[PDB]
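The block underneath contains the structure these notes are about, expressed in structure tokens.
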Ligand SMILES: [Ca+2]
Ligand SMILES: [Zn+2]
């Protein structure tokens, strides 16, 4: 059921005029993982710096989510794990040796200074994004600071300490009976899939590279257990997927899910790793082929939340996150960067484009038909049917932020 | 037949054997009585015991208990079969854009983290000069200096002021800011000016290096092409390739019963003007080449024009104008048959 | 008590963790062939030290004296034919020292003595 | 080029000493010879570079190594 | 010298499977098992006591059962635990002190751990200095026990998938339990 | 040729310290300019292995003898947070110390133990001896592992079977030219579609074709791998299969009999059958 | 092989030629000196000509030896978005084609094959048996081991079909 079709230019849908809410906490740029570490929270700041110069702040509503408390972080993570995060600092690593092995923290996911604060910025950012959708204040929430989908209940994996998406989804689940989670990061979203595997209230459709690629889970046969059987949907893609082939897979599958299992809300994790040129991911997706994924899910008309997730090349992910923020606001951005503080990065033509590479596309139409056939076989079973709650406090950040980002330097 | 294997599982396994012979497999499905139209656990996830699921969570509502998963767990060290993973290989040049990226971040992280302290202290410092000197005596700053982030202003002061010495600065900054904040702000601006002056000098180094090696980083196949071609364009593989198609049409004949057809390989030539383009290319190389002796090169030039004009029905005179024009860009013609060209003895006549 | 330490803090070993710390009949009696190996060498003049492993040894030494040197392919030879000879002389002197000590097998005692007596220490 | 002195093999030394005249070579030589050869080159090169570094050249040519060897007393013939 | 102990193949195939679950599959046995080393020997001592008539052998039997229990308590800590199971053993000691009752391994551990002690009995015998007539006394007596264990292998060693039954003798290990035990 | 901070809190602060800013940052010194810009510019006593495990980790070292132990291995286990104060000894050294300097002949010490417990007498020596040895990790005696030819001890003491693929040489994983990656044949290797020894083409079982495509058009090529037991080539498409699986374990091709069967009784819910191990 | 590599360039030639001309410098990158000017000075940017005709007169310089290899390649990287990587060995494939064409004049056994072909290709009226006559004579010149090919041409549809033959 895989029909190869050439890519079409991204067209904006005038039917939907969603009022977006953008969550930017100005501090989230100032945390650094290590000397050579791939995860660089700088990419949020540049992706925000570009956004303000297009004048997208005229359409969006800028918010600064109140950082997540220590208790609210525990509604997914066990109390022992969160308690370890609060105290742990580079000077304290000697005192904690049993924990640092038990909790996979500080060796690949380093214990950098400010470990707790950065995690506290991510969660209140996604959690409140769900809280605003529930109240009806915004049809979209954009929290690029968060999206860390690799963390587990008592373990930090894949650079992700606090799994905000689970915290975000649990907030949506208090109003919406069913929630759909869509993963477009090249890695398997094991952090969210393993959390919601049993329940049927969440479907975790994840696109990833299988074949002993981290975390080496997400095989096609993993479809959940117990009540949540068929309510998990993994699409194991091979190397070198590109713009035209990705659309021919993403769109048919998503269209099937939102027909058979009608979600009340979507949590779309716009992973930057899938883009071409990233240091850890191996796909050939360009921006237009990647931002089209967001435009398709938006077109359905149901409330969604966009989380940043993982992106390892600051130049590429900051460009595509700005373009995706354009599509949600019903504006297709011009292919000309505006002057911004981080201008020397986007070489060499200084245009807003992520150029697809030359690498050989290996997914074959005979293979993709067998993967998409099994999924459709399963999906025909999924017919529809100091605590703060509904944290809502938002802070109205733009008065403070307008002088940032918007540059008249010369 | 030993009642160890269920009937449905038997038919599923036989499918991998007799799948192609539809007339046979259908008979087998008819024979055993198979009728068409949980245990689907999956390979990734393993169940934990009941006791281990009791490790507490403080803020889990009743709703969270039904939704979240505690029994089933999956980890990389199990899915990897303990043998590890394979990371995607990267170019020699694509690893330069990664070295540059880190050098970019290292300068950018320290400068920007420094600015956020400058504004934090700048609003503070102006407050002191408003206050009375007696007042100045008692204006301690709570941690975070009233700012939103308690951690940022520590990692910046500790970097500048010598590691450990830096700790009693912060304590002095809280306990006695009126005389500490003006001094710390002064130096932090001074360290800002030095850091920026470096970046600009480092900006030229990074920009040109990215210019020399960017378009190579995208080019995964181009770098390895020059070596691959001479490996895969040879007298051997061009015959292995065409033979591989012949065996497929005859193999199935063994199994799928495909008839033996003609024309294993098919080519198509939609555009004529490529032929004058290839000829003028090989015309240039032949004249330039030093290996072929000058009298013989006239045959090499005259072979390609005649063979092409013969095989592809293109008139020879049309070809000669095309070469002539390409000669312009930079006395008699009897009928030279390709048959004449192929024998040296007749060629001299 | 004194406890060394653990060098690395993870159970996976980082092989499964991305950005890994650790994942990115007839026989001659003894001696009879020896002599046959000598007359097969003392009669020949071909270079004994393998060349491309020597080239990379000279470059490594040149670095800490000056950076970005470029050796003429002749001046890597002229080093090799020298350092081969230096050693062959040293080994003759050590063989003498061992024949002296009344054993046959040269040993580092013999090397160090044949250098000390030369005064080239 | 972290360790190249381990590139001068065990059969390399064994072949040399076989030319020298030995018969049985004790195991600790194969390591200890490397210690000698190394401290030989560090003297021959450090001189050859200086002749080069003087003439402003950036290439240690054979006419240098022959000179550096000459002061060592180990005069070399055949190159200049 | 070298002492030979003939373990029946079926029991010799169990152990290997136990060696696979604990080192490769990385699953450990539920420690408070249903058939512990104590009642296993309680049944065997009780089934064989009536079987044999001569009172002389009854003394030989009863002490081999009484002895094997006392030896098992001393032995389990030292050399009857794979590395991955050391932590689970530790938490039992740490639970025992809080419960204020001293841990007694024969009450806790299952029949498979008794078989581990039997497997290394020849190596333990050879290390010490014993009378030869007692060496054949233990080995013959043990070979009589293993034969009895073979007749009842079905209802001590059952192959149940831990994911499924949850009554299986082995239970999987969390990614946190495995981390500390191996790390 | 040699001959040739503290501040009066009322007062101002003495400057903390002149910043010794030699950071050796990834760029050479944060304050320093680029250096020479040559390229990049277009114009110009105790052992280290646990005596019990024989592996690495955090150790607790015996004082008398050069034997180190894990924190978990020693009996009873010792918390890394809380340790016995002062010097520590392995249970072996404690024994020798115990014996030595008191009732020194062991015999008499042991002769009391056997006489002490006459009921357990048959096990008397074995009980006494166990107090002297250090803690150990259980390893199956060789006469058990030698019964089954397939099983073999791994590098770490693991159970390694005929199923586990022999490990790839560390060079093969990380030392390859860019064009050809051994680990993944995802760069159009056409020599996969050939049988090395015989020279004929490998033919998939499902479709009875080999899809070796032209060098002109490589997208016509379909990837083929071979079973690790059967040696029957399969496309990565026919067995739906994402990749080659050359790291974890030998790939059992479909078409090979089951070695473990879970049968639902349809009335415990299930019965398990496992093939007898090869003796 | 040359025709397949060249044609796929000419098919893109209409789209690429428009794209190269219409690309514009960002004003914020032109006031400052940021955009690379290395190729513009050397002239290897397809600003003034159609892309395909320019690719030829760059290749003609490659065989002539005027243009360094790494500069010829880099010019097609920026001009064609890495799409045209196959034209990196147009100098060598041209060479191998000439070398093989040289074998046709020499190797008098092979030349005698195209001695027959020219006569057959000139024949308008060929009986069915005439082809067999043509085939059997050609088989006489090859050794009984070599495996002759059949290249078939259709004038109306410019369709060339090659059949692999290893008959008696
Ligand atoms: Ca689910
Ligand atoms: Zn990712």
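Chains as they are written, first to last, in PDB author numbering: chain A, 2 to 386, 398 to 422; chain B, 693 to 729, 748 to 1040, 1058 to 1076; chain C, 1 to 24, 38 to 134; chain D, 22 to 101; chain E, 218 to 400; chain F, 64 to 67, 85 to 124, 258 to 480, 487 to 498; chain G, 1153 to 1320. Beta carbons: idealized from backbone N, C-alpha and C, even for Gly.
Identity of the residue in the options nearest residue i by Cα
| i | options | result |
| --- | --- | --- |
| residue 356(A) | 324(A), 317(A), 384(A) | 317(A) |
| residue 19(C) | 216(A), 26(A), 377(A), 43(A) | 216(A) |
| residue 372(E) | 293(E), 265(E), 329(E) | 329(E) |
| residue 370(A) | 330(A), 251(A), 403(A), 300(A) | 251(A) |
| residue 244(A) | 322(A), 362(A), 174(A) | 362(A) |
| residue 253(E) | 274(E), 269(E), 332(E) | 332(E) |
| residue 1167(G) | 1191(G), 1231(G), 1219(G) | 1231(G) |
| residue 870(B) | 850(B), 853(B), 895(B) | 895(B) |
| residue 400(A) | 164(A), 266(A), 93(A), 69(A) | 69(A) |
| residue 1062(B) | 946(B), 960(B), 1025(B), 1037(B) | 1025(B) |
| residue 493(F) | 430(F), 475(F), 348(F) | 475(F) |
| residue 90(C) | 11(C), 13(C), 72(C), 42(C) | 72(C) |
| residue 135(A) | 180(A), 374(A), 103(A) | 180(A) |
| residue 279(A) | 790(B), 750(B), 805(B) | 805(B) |
| residue 751(B) | 784(B), 975(B), 990(B) | 784(B) |
| residue 987(B) | 1204(G), 1255(G), 1164(G) | 1204(G) |
| residue 435(F) | 337(F), 285(F), 457(F) | 457(F) |
DSSP state of residue i mapped onto helix, strand, coil
| i | result |
| --- | --- |
| residue 40(A) | coil |
| residue 946(B) | coil |
| residue 24(C) | coil |
| residue 309(A) | coil |
| residue 46(D) | strand |
| residue 114(F) | coil |
Rounded distance between the beta-carbons of residue j and residue i, thought under 8 Å
| i | j | result |
| --- | --- | --- |
| residue 58(A) | residue 414(A) | 7 Å |
| residue 1242(G) | residue 1211(G) | 5 Å |
| residue 1322(G) | residue 906(B) | The requested residue 1322(G) does not occur in the structure, where chain G is confined to residues 1153 to 1320. |
Any non-hydrogen atom of ligand 1 closer than 7 Å to residue i Cβ
| i | result |
| --- | --- |
| residue 203(A) | yes |
| residue 752(B) | no |
| residue 197(A) | yes |
| residue 233(A) | yes |
Check: residue i C-beta below 7 Å from any heavy atom of ligand 2
| i | result |
| --- | --- |
| residue 889(B) | no |
| residue 350(A) | no |
Open item on the list: Give the list of continuous alpha helix (DSSP H) stretches no shorter than 4 residues that lie fully inside the segment 964 to 1030 of chain B.
Closed with: 983 to 998, 1004 to 1021
Task: Ranges of the alpha helix (DSSP H) found wholly within the segment 819 to 857 of chain B, counting only runs of at least 4 - done: 843 to 847
Task: Inside the segment 1220 to 1305 of chain G only - alpha helix (DSSP H) runs reaching at least 4 residues - done: 1221 to 1232, 1242 to 1257, 1260 to 1274, 1280 to 1293
- [ ] Any chance you could list the alpha helix (DSSP H) runs of at least 4 consecutive residues sitting entirely within the segment 28 to 90 of chain A, in chain order?
- [x] 43 to 54, 80 to 88
- [ ] Please go through the segment 309 to 359 of chain E and give each complete alpha helix (DSSP H) segment of 4 or more residues, from N-terminal end onward.
- [x] 322 to 325, 328 to 336, 338 to 344
- [ ] Using the beta-carbon of each residue, find all residues closer than 5 Å to any heavy atom of ligand 3 and list them in chain order.
- [x] Among the ligands present in this structure, namely ligand 1 and ligand 2, ligand 3 is not found.
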